[PDB]
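In structure tokens, one chain follows: the form deposited in one PDB entry.
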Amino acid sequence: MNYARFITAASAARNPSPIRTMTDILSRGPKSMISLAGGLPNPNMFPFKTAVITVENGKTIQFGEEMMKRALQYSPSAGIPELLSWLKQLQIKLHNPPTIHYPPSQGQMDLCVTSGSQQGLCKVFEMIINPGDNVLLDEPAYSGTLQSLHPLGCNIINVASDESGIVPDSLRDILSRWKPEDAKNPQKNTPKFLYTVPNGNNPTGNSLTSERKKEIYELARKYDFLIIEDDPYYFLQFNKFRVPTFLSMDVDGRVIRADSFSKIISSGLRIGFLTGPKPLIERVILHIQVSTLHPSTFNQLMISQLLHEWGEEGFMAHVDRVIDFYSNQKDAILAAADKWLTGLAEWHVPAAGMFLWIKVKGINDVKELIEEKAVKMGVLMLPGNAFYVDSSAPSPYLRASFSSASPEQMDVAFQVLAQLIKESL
């Protein structure tokens, strides 16, 4: 509601452009209009002339001479128009955000295409965080988030989590360090935001339940903080009934949601999207206008043409088949773990995503086991140390990926693991 408290001095200082209100006038003028105003290079000089890209379960994508010129040329900072509209309509189909028809100043849903979702998150963190600011999140947490937040000088306040994600009673008891009003009231330092991966957390694989999401949202309004819903495994939930998102219940305009195409369509193309209140999305667009300028227009066109030919049906049909693939991988890694790990280790079943989080029994830090012993036997899993704000502290946990390994190679890795565990007790 007071979006100004969640916007730094540097971020508030960002301005429009200005230049291109001019080349804007060209768009709606007569076809006889001559512009010498713009700063576009001549695309006729660019060496790539046409493209044809084959698709599985889909018609081939063709860029002809005119489309190629557009693919190779500057495009709008927030994204190409057809991809922004397709994406906004998708958010409406999926989450029907309460906020879609609110006035702009009151946090009307806006959305921008980012160069990967991580771009959206980084700009968001940069938009918000003054050193000494308090932020909430559940460890274990995505190491990219922790590495992004560290140089910002926030105090990270760990919220307790279990098989079902953040524990709302833990959140409650952290927040009683303040009362609300506190928040309407600066410089106390009531938390600016709570960040979480609600579906298939990296590294734990745990997902928030809907009931718990409702409790967290209630806390968020009470202490007036932002929720940043970083949801890159949103389209990889193994339950075919997707749990309601924070964005679907954002009646206040206090959620910022990052979505990713990195797990489902392409990670290397660097295309994600950020959804949230208009005045906050506007600040990230201005920062991108001075940094990446825009996401690859070629890559947006490839995605947008794919998405439009599929329709929301072809899109959903595709996420379904990939979930089916990851769910079989999940089953196979669970079967390997049950087989070899013994009463040797404990793990929860991943509710989404692509990682298994394994607690090794009777070993207080697993870095030697993995960095030294397992590497020598040609088997790599990831120690848990990376997923904590304090990475120097001992961790008995291992992250194991199930995205790619065959059943045979999971069987070998887990028998080797079990042996070294037993050799180390």
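Basically, rigid core = biggest C-alpha set you can superpose within 1.5 Å across the two forms. Heads up: residue numbers just count along the shown sequence, starting at 1. Residues that one form lacks are left out of the comparison.
A.B. asks: Tell me which of 395-403 and 369-377 has the higher mean C-alpha B-factor in the deposited entry.
C.D. replies: That would be 369-377.
A.B. asks: Given the B-factors recorded for C-alpha atoms, which segment has the greater mean, 182-190 or 150-158?
C.D. replies: Here the higher of the two C-alpha B-factor means belongs to 182-190.
A.B. asks: Looking at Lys339, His308, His348, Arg172, which one carries the largest C-alpha B-factor according to the PDB entry?
C.D. replies: Within the set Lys339, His308, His348, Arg172, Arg172 shows the top C-alpha B-factor.
A.B. asks: Looking at the C-alpha B-factor values in the deposited entry, which of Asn44, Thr54, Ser27, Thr50 comes out highest?
C.D. replies: Of the options given, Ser27 has the highest CA B-factor in the PDB entry.
A.B. asks: Should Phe235 be placed in the lowest, middle or highest third of its chain by the C-alpha B factor in the entry?
C.D. replies: For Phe235, the deposited C-alpha B-factor lands in the lowest third.
A.B. asks: Grab the CA temperature factor for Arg70 from the record and place it in the lowest, middle or highest third of its chain.
C.D. replies: It belongs to the lowest third of the chain when residues are ordered by C-alpha B-factor.
A.B. asks: Considering only modelled residues of the same chain, in which third does the CA B-factor of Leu219 rank: lowest, middle or highest?
C.D. replies: Highest third of the chain for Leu219's C-alpha B-factor.
A.B. asks: Tell me, lowest, middle or highest third: where does the Cα B factor of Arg177 rank within its chain?
C.D. replies: Its C-alpha B-factor belongs to the highest third of this chain's values.
A.B. asks: Comparing against every modelled residue in the chain, figure out the third that the C-alpha B-factor of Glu82 lands in (lowest, middle or highest).
C.D. replies: It falls in the bottom third of the chain.
In what follows, reference is made to the form deposited in another entry, a form of this protein that is not presented.
A.B. asks: Where among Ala51, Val389, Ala37, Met67 does the Cα move by 2 Å or more between the shown form and the other one after the core is superposed?
C.D. replies: Per the superposition, the moving residue is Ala37.
A.B. asks: Mind checking the CA-CA distance of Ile34 and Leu40 in the other form? It differs by 3 Å or more from this form, so is it closer or farther?
C.D. replies: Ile34 and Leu40 sit closer together in the other form.
A.B. asks: Any idea whether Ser77 and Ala37 get closer or farther by CA distance in the other form, knowing it moves 3 angstroms or more?
C.D. replies: Their C-alpha distance shrinks by at least 3 Å in the other form.
A.B. asks: Superposing on the rigid core, where do three or more consecutive Cα atoms all move 2 Å or more between the shown form and the other one?
C.D. replies: 29-39, 57-59 are the stretches that shift between the shown form and the other one.
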